[PDB]
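Pasting target_12.pdb here (PDB, C-alpha atoms):
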ATOM      1  CA  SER A   1     -33.357   0.119 -14.873
ATOM      2  CA  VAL A   2     -29.717  -1.091 -14.780
ATOM      3  CA  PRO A   3     -28.061   0.023 -11.576
ATOM      4  CA  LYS A   4     -25.021   2.302 -11.378
ATOM      5  CA  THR A   5     -22.495   0.997  -8.807
ATOM      6  CA  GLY A   6     -22.414   3.112  -5.641
ATOM      7  CA  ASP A   7     -19.223   4.702  -4.324
ATOM      8  CA  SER A   8     -19.011   2.623  -1.121
ATOM      9  CA  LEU A   9     -19.154  -0.789  -2.846
ATOM     10  CA  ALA A  10     -16.820   0.433  -5.636
ATOM     11  CA  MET A  11     -14.143   1.698  -3.197
ATOM     12  CA  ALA A  12     -13.955  -1.690  -1.358
ATOM     13  CA  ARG A  13     -13.844  -3.652  -4.673
ATOM     14  CA  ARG A  14     -11.181  -1.257  -6.054
ATOM     15  CA  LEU A  15      -8.953  -1.852  -2.969
ATOM     16  CA  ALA A  16      -9.292  -5.678  -3.232
ATOM     17  CA  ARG A  17      -8.442  -5.480  -6.979
ATOM     18  CA  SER A  18      -5.342  -3.407  -6.069
ATOM     19  CA  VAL A  19      -4.242  -5.970  -3.447
ATOM     20  CA  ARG A  20      -4.605  -8.860  -5.945
ATOM     21  CA  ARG A  21      -2.736  -6.860  -8.615
ATOM     22  CA  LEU A  22       0.150  -6.079  -6.304
ATOM     23  CA  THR A  23       0.409  -9.784  -5.414
ATOM     24  CA  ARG A  24       0.232 -10.836  -9.100
ATOM     25  CA  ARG A  25       2.949  -8.378 -10.166
ATOM     26  CA  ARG A  26       5.370  -9.582  -7.439
ATOM     27  CA  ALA A  27       5.539 -13.062  -9.090
ATOM     28  CA  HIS A  28       6.776 -11.377 -12.339
ATOM     29  CA  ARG A  29       9.396  -9.327 -10.423
ATOM     30  CA  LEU A  30      13.046 -10.249  -9.579
TER      31      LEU A  30
ATOM     32  CA  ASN B   1     -20.825   3.953 -31.666
ATOM     33  CA  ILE B   2     -21.798   1.536 -28.868
ATOM     34  CA  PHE B   3     -18.123   1.275 -27.967
ATOM     35  CA  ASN B   4     -18.255   4.979 -27.047
ATOM     36  CA  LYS B   5     -20.417   4.195 -24.002
ATOM     37  CA  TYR B   6     -17.365   2.374 -22.643
ATOM     38  CA  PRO B   7     -14.249   3.922 -21.137
ATOM     39  CA  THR B   8     -11.347   4.183 -23.588
ATOM     40  CA  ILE B   9      -9.101   1.850 -21.613
ATOM     41  CA  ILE B  10     -10.241  -1.215 -19.684
ATOM     42  CA  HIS B  11      -7.718  -3.099 -17.553
ATOM     43  CA  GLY B  12      -8.415  -6.778 -17.109
ATOM     44  CA  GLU B  13      -7.598  -9.834 -15.018
ATOM     45  CA  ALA B  14      -8.617 -13.518 -14.978
ATOM     46  CA  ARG B  15      -8.827 -16.154 -12.258
ATOM     47  CA  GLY B  16      -5.778 -18.416 -12.071
ATOM     48  CA  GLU B  17      -3.898 -16.146 -14.455
ATOM     49  CA  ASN B  18      -0.671 -14.247 -13.745
ATOM     50  CA  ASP B  19      -0.849 -12.276 -16.996
ATOM     51  CA  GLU B  20      -3.261  -9.351 -17.259
ATOM     52  CA  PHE B  21      -5.350  -7.991 -20.131
ATOM     53  CA  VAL B  22      -6.560  -4.810 -21.817
ATOM     54  CA  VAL B  23      -9.376  -3.606 -24.029
ATOM     55  CA  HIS B  24      -9.001  -0.447 -26.092
ATOM     56  CA  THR B  25     -12.410   0.900 -27.047
ATOM     57  CA  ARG B  26     -11.423   3.764 -29.348
ATOM     58  CA  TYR B  27      -9.894   3.407 -32.807
ATOM     59  CA  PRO B  28      -8.132   1.169 -33.234
ATOM     60  CA  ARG B  29     -10.174  -1.112 -30.962
ATOM     61  CA  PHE B  30      -8.589  -4.292 -29.676
ATOM     62  CA  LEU B  31      -8.148  -6.880 -26.969
ATOM     63  CA  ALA B  32      -4.600  -7.576 -25.832
ATOM     64  CA  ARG B  33      -2.584  -9.576 -23.308
ATOM     65  CA  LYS B  34      -0.514  -7.695 -20.735
ATOM     66  CA  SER B  35       2.758  -9.289 -19.651
ATOM     67  CA  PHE B  36       5.719  -7.954 -17.635
ATOM     68  CA  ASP B  37       9.519  -7.864 -17.499
ATOM     69  CA  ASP B  38      11.083  -9.032 -14.222
ATOM     70  CA  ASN B  39      12.726  -5.664 -13.454
ATOM     71  CA  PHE B  40       9.554  -3.575 -13.927
ATOM     72  CA  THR B  41      10.200  -0.625 -11.630
ATOM     73  CA  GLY B  42       6.987   1.305 -12.119
ATOM     74  CA  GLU B  43       8.345   4.760 -11.382
ATOM     75  CA  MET B  44       6.562   7.387 -13.362
ATOM     76  CA  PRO B  45       8.924   9.161 -15.728
ATOM     77  CA  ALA B  46       8.673  12.795 -16.649
ATOM     78  CA  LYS B  47       9.114  11.760 -20.287
ATOM     79  CA  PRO B  48       6.020  10.375 -21.978
ATOM     80  CA  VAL B  49       5.824   6.663 -22.597
ATOM     81  CA  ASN B  50       7.540   5.869 -25.899
ATOM     82  CA  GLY B  51       7.393   2.192 -26.667
ATOM     83  CA  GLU B  52       8.326   0.044 -29.642
ATOM     84  CA  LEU B  53       6.185  -2.062 -31.967
ATOM     85  CA  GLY B  54       7.775  -5.267 -33.265
ATOM     86  CA  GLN B  55       7.463  -8.857 -34.447
ATOM     87  CA  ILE B  56       8.345 -11.554 -31.889
ATOM     88  CA  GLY B  57       8.324 -15.273 -31.110
ATOM     89  CA  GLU B  58       7.473 -18.191 -33.329
ATOM     90  CA  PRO B  59       5.723 -17.823 -35.469
ATOM     91  CA  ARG B  60       6.262 -14.064 -35.678
ATOM     92  CA  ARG B  61       3.561 -12.058 -33.909
ATOM     93  CA  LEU B  62       2.875  -8.357 -33.392
ATOM     94  CA  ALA B  63       3.955  -7.212 -29.946
ATOM     95  CA  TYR B  64       4.466  -3.956 -28.105
ATOM     96  CA  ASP B  65       7.293  -3.188 -25.704
ATOM     97  CA  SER B  66       6.658  -0.165 -23.445
ATOM     98  CA  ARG B  67      10.326  -0.234 -22.383
ATOM     99  CA  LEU B  68       9.071   0.379 -18.819
ATOM    100  CA  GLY B  69       8.385  -3.312 -18.164
ATOM    101  CA  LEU B  70       4.939  -3.742 -19.734
ATOM    102  CA  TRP B  71       4.349  -5.740 -22.956
ATOM    103  CA  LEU B  72       1.179  -5.961 -25.091
ATOM    104  CA  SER B  73       0.639  -9.023 -27.332
ATOM    105  CA  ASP B  74      -1.913 -11.437 -28.905
ATOM    106  CA  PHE B  75      -3.696  -8.441 -30.413
ATOM    107  CA  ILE B  76      -7.254  -9.028 -31.595
ATOM    108  CA  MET B  77      -8.702  -6.163 -33.615
ATOM    109  CA  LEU B  78     -12.352  -5.514 -32.821
ATOM    110  CA  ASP B  79     -12.898  -3.385 -35.941
ATOM    111  CA  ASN B  80     -14.170  -5.221 -39.049
ATOM    112  CA  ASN B  81     -12.948  -2.519 -41.372
ATOM    113  CA  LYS B  82      -9.498  -2.759 -42.873
ATOM    114  CA  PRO B  83      -7.325   0.350 -42.720
ATOM    115  CA  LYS B  84      -6.480   2.009 -45.999
ATOM    116  CA  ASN B  85      -2.850   2.618 -45.057
ATOM    117  CA  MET B  86      -0.700   0.027 -43.255
ATOM    118  CA  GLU B  87       1.836   2.558 -42.023
ATOM    119  CA  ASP B  88      -0.746   4.837 -40.390
ATOM    120  CA  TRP B  89      -2.556   1.945 -38.756
ATOM    121  CA  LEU B  90       0.627   0.686 -37.101
ATOM    122  CA  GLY B  91       1.278   4.229 -35.913
ATOM    123  CA  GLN B  92      -2.214   4.543 -34.450
ATOM    124  CA  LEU B  93      -1.918   1.123 -32.808
ATOM    125  CA  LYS B  94       1.393   2.104 -31.232
ATOM    126  CA  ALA B  95       0.138   5.440 -29.889
ATOM    127  CA  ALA B  96      -2.810   3.626 -28.322
ATOM    128  CA  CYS B  97      -0.401   1.151 -26.696
ATOM    129  CA  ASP B  98       1.620   4.072 -25.297
ATOM    130  CA  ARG B  99      -1.512   5.594 -23.742
ATOM    131  CA  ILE B 100      -2.371   2.198 -22.250
ATOM    132  CA  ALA B 101       1.116   1.790 -20.812
ATOM    133  CA  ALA B 102       0.810   5.250 -19.261
ATOM    134  CA  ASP B 103      -2.647   4.415 -17.901
ATOM    135  CA  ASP B 104      -1.306   1.154 -16.439
ATOM    136  CA  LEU B 105       1.463   3.005 -14.572
ATOM    137  CA  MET B 106      -1.218   5.171 -12.981
ATOM    138  CA  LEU B 107      -3.199   2.037 -11.955
ATOM    139  CA  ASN B 108      -0.084   1.028  -9.962
ATOM    140  CA  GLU B 109       0.676   4.631  -8.975
ATOM    141  CA  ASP B 110      -2.847   5.120  -7.609
ATOM    142  CA  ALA B 111      -2.575   1.894  -5.590
ATOM    143  CA  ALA B 112       0.812   1.736  -3.829
ATOM    144  CA  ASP B 113       0.214   2.732  -0.196
TER     145      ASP B 113
ATOM    146  CA  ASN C   1     -12.106 -15.740 -33.822
ATOM    147  CA  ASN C   2      -9.534 -18.478 -33.191
ATOM    148  CA  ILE C   3      -7.168 -16.034 -31.499
ATOM    149  CA  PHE C   4      -9.822 -15.611 -28.840
ATOM    150  CA  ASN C   5      -9.074 -19.174 -27.742
ATOM    151  CA  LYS C   6      -5.584 -18.308 -26.450
ATOM    152  CA  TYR C   7      -7.318 -16.104 -23.867
ATOM    153  CA  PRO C   8      -8.931 -17.241 -20.648
ATOM    154  CA  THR C   9     -12.688 -17.682 -21.026
ATOM    155  CA  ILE C  10     -13.689 -14.901 -18.644
ATOM    156  CA  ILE C  11     -11.868 -11.589 -18.281
ATOM    157  CA  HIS C  12     -12.816  -9.206 -15.482
ATOM    158  CA  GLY C  13     -12.161  -5.560 -16.142
ATOM    159  CA  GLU C  14     -12.027  -2.153 -14.526
ATOM    160  CA  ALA C  15     -11.435   1.426 -15.593
ATOM    161  CA  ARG C  16      -9.886   4.368 -13.783
ATOM    162  CA  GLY C  17     -12.341   7.018 -12.618
ATOM    163  CA  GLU C  18     -15.148   4.494 -13.063
ATOM    164  CA  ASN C  19     -17.325   2.822 -10.413
ATOM    165  CA  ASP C  20     -18.705   0.155 -12.774
ATOM    166  CA  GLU C  21     -16.628  -2.850 -13.772
ATOM    167  CA  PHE C  22     -16.465  -4.797 -17.065
ATOM    168  CA  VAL C  23     -16.291  -8.283 -18.591
ATOM    169  CA  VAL C  24     -15.140  -9.974 -21.749
ATOM    170  CA  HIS C  25     -16.406 -13.426 -22.684
ATOM    171  CA  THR C  26     -13.968 -15.011 -25.165
ATOM    172  CA  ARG C  27     -15.825 -18.227 -26.021
ATOM    173  CA  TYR C  28     -19.076 -18.459 -28.006
ATOM    174  CA  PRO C  29     -20.997 -16.273 -27.743
ATOM    175  CA  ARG C  30     -18.230 -13.692 -27.441
ATOM    176  CA  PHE C  31     -18.988 -10.297 -25.942
ATOM    177  CA  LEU C  32     -18.028  -7.198 -24.030
ATOM    178  CA  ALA C  33     -20.391  -6.043 -21.273
ATOM    179  CA  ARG C  34     -20.659  -3.501 -18.475
ATOM    180  CA  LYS C  35     -20.732  -5.096 -15.034
ATOM    181  CA  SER C  36     -22.564  -3.220 -12.249
ATOM    182  CA  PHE C  37     -23.948  -3.794  -8.741
ATOM    183  CA  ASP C  38     -27.067  -2.684  -6.798
ATOM    184  CA  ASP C  39     -27.142  -1.696  -3.110
ATOM    185  CA  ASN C  40     -28.161  -5.195  -1.985
ATOM    186  CA  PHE C  41     -25.167  -6.937  -3.571
ATOM    187  CA  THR C  42     -23.131  -8.744  -0.902
ATOM    188  CA  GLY C  43     -20.578 -10.737  -2.893
ATOM    189  CA  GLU C  44     -21.384 -13.653  -0.621
ATOM    190  CA  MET C  45     -21.501 -17.173  -2.072
ATOM    191  CA  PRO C  46     -25.095 -18.013  -3.022
ATOM    192  CA  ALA C  47     -27.194 -20.827  -1.570
ATOM    193  CA  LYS C  48     -28.203 -21.982  -5.074
ATOM    194  CA  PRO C  49     -25.986 -21.992  -8.161
ATOM    195  CA  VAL C  50     -26.264 -18.717 -10.065
ATOM    196  CA  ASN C  51     -29.513 -18.633 -12.003
ATOM    197  CA  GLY C  52     -30.054 -15.231 -13.539
ATOM    198  CA  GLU C  53     -32.454 -13.644 -15.973
ATOM    199  CA  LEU C  54     -32.044 -12.233 -19.470
ATOM    200  CA  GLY C  55     -34.433  -9.433 -20.270
ATOM    201  CA  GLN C  56     -35.197  -6.292 -22.172
ATOM    202  CA  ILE C  57     -34.886  -2.995 -20.355
ATOM    203  CA  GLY C  58     -35.399   0.707 -21.076
ATOM    204  CA  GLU C  59     -37.072   2.344 -24.080
ATOM    205  CA  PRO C  60     -36.141   1.472 -26.661
ATOM    206  CA  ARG C  61     -35.526  -2.029 -25.327
ATOM    207  CA  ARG C  62     -31.978  -3.248 -24.740
ATOM    208  CA  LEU C  63     -30.709  -6.598 -23.526
ATOM    209  CA  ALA C  64     -29.644  -6.774 -19.910
ATOM    210  CA  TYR C  65     -28.793  -9.572 -17.510
ATOM    211  CA  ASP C  66     -29.798  -9.697 -13.845
ATOM    212  CA  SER C  67     -27.972 -12.320 -11.786
ATOM    213  CA  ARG C  68     -30.601 -11.777  -9.080
ATOM    214  CA  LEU C  69     -27.691 -11.655  -6.635
ATOM    215  CA  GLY C  70     -27.262  -7.938  -7.222
ATOM    216  CA  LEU C  71     -24.854  -8.252 -10.145
ATOM    217  CA  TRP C  72     -25.910  -6.905 -13.543
ATOM    218  CA  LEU C  73     -24.431  -7.144 -17.046
ATOM    219  CA  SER C  74     -25.436  -4.576 -19.682
ATOM    220  CA  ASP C  75     -24.343  -2.681 -22.819
ATOM    221  CA  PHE C  76     -23.592  -5.955 -24.615
ATOM    222  CA  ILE C  77     -21.313  -5.789 -27.650
ATOM    223  CA  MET C  78     -21.079  -9.097 -29.509
ATOM    224  CA  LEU C  79     -17.595  -9.907 -30.789
ATOM    225  CA  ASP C  80     -18.590 -12.654 -33.274
ATOM    226  CA  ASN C  81     -19.636 -11.587 -36.786
ATOM    227  CA  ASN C  82     -21.846 -14.646 -37.496
ATOM    228  CA  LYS C  83     -25.576 -14.475 -36.865
ATOM    229  CA  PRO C  84     -27.143 -17.445 -34.998
ATOM    230  CA  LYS C  85     -29.458 -19.929 -36.767
ATOM    231  CA  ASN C  86     -31.919 -20.184 -33.905
ATOM    232  CA  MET C  87     -32.613 -17.090 -31.795
ATOM    233  CA  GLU C  88     -33.847 -19.153 -28.856
ATOM    234  CA  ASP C  89     -30.684 -21.196 -28.395
ATOM    235  CA  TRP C  90     -28.440 -18.178 -28.783
ATOM    236  CA  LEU C  91     -30.213 -16.481 -25.874
ATOM    237  CA  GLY C  92     -29.942 -19.688 -23.876
ATOM    238  CA  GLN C  93     -26.209 -19.836 -24.513
ATOM    239  CA  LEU C  94     -25.802 -16.124 -23.769
ATOM    240  CA  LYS C  95     -27.732 -16.382 -20.497
ATOM    241  CA  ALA C  96     -25.691 -19.439 -19.507
ATOM    242  CA  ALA C  97     -22.495 -17.526 -20.232
ATOM    243  CA  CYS C  98     -23.707 -14.665 -18.027
ATOM    244  CA  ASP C  99     -24.452 -17.070 -15.182
ATOM    245  CA  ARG C 100     -20.883 -18.369 -15.417
ATOM    246  CA  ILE C 101     -19.470 -14.841 -15.434
ATOM    247  CA  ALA C 102     -21.390 -13.869 -12.284
ATOM    248  CA  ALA C 103     -20.292 -17.044 -10.489
ATOM    249  CA  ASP C 104     -16.728 -16.456 -11.616
ATOM    250  CA  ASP C 105     -16.815 -12.929 -10.195
ATOM    251  CA  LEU C 106     -17.999 -14.289  -6.865
ATOM    252  CA  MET C 107     -15.150 -16.811  -6.744
ATOM    253  CA  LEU C 108     -12.537 -14.231  -7.779
ATOM    254  CA  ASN C 109     -13.570 -11.836  -5.013
ATOM    255  CA  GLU C 110     -14.188 -14.535  -2.403
TER     256      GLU C 110
END
So, in terms of structure tokens, how does the structure I just supplied come out?
Amino acid sequence: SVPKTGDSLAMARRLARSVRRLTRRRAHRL
Amino acid sequence: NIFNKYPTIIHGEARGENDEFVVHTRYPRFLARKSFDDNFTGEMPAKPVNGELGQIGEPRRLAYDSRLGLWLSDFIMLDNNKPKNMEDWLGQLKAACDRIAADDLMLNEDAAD
Amino acid sequence: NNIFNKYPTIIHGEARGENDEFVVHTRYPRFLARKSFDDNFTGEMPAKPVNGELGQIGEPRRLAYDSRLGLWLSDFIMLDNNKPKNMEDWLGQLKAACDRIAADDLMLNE
């Protein structure tokens, strides 16, 4: 069947997404 | 009915793109572009998000201003049906945008450490 | 369907309180899908270019895509109202789109 993403992979991917998003938003700021 | 398997709000990004994106999967369903003011402060207010819906640019296009630094624009409705009342559709679209703006603040709020 | 063209071709999505991720493909064929990962997904750049499989899964049968690198796309919702003239070439185009989305995810997270 289709897999459901596990918590350990999801937590690492979520942190990397947050780091990219913080970098992206800083270009809009100031 | 298939949309209901999805989360209500999906926050999106693209490679090489500074702007972000959103999908709203409940009525009214749409894809939109997320853009930001330069003084976006991100602090979560006690008051609920209360944004404004307006026409902007050239030619004139529907856009949403959260008034907290987030904008929603380039709306693409994913529903084929046309709403019976124009006034109540705009109201429903705006409320959805408010929920999205609130959800976006929490995406940032979760993250900053 | 012309408004779709102001968007980037591939949009990668997430939701709060959700482990799975999501994708929107904004060129033909246009769709929304659920993006998920198995326990052997590494996110490492593949030796060969991405060459996945389109298949039917579950009962009743539903379309699903397996990148064969551990990345899956499922719960497809087509965003175009037209129906394709040839069913074979639509699947070929859809599978090709999925291959690009998986590769794009790998480059984004590299």
- Query: Residues of chain B within 10 Å of chain C, using all atoms listed in the file, as an MDAnalysis selection string?
  - Reply: chainID B and resid 2:3 5:17 20:23 31:33 74:76 78:80 103:104 106:107 110
- Expressed in Å to a single decimal, how great is the separation between CA of residue 84 in chain C and CA of residue 96 in chain C?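 Distance between the two atoms: 15.7 Å.
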- With distances taken over all atoms listed in the file, which of B:54, B:59, B:28, B:69 is nearest to residue 40 in chain B?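 Comparing B:54, B:59, B:28, B:69 against residue 40 in chain B, the winner is B:69.
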- Translate the PyMOL selection byres ((chain B) within 8 of (chain A)), as applied to the file shown, into an explicit residue set as a PyMOL selection string. chain B and resi 18+36-40+108+111
- Fewer than 3 positions away in the same chain doesn't count, so skip those; otherwise give me all residues within 12 Å of residue 91 in chain B, counting all atoms listed in the file, as a list in words.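 That gives residues 27, 28, 50, 51, 52, 53, 54, 64, 83, 85, 86, 87, 88, 94, 95, 96, 97 and 98 of chain B.
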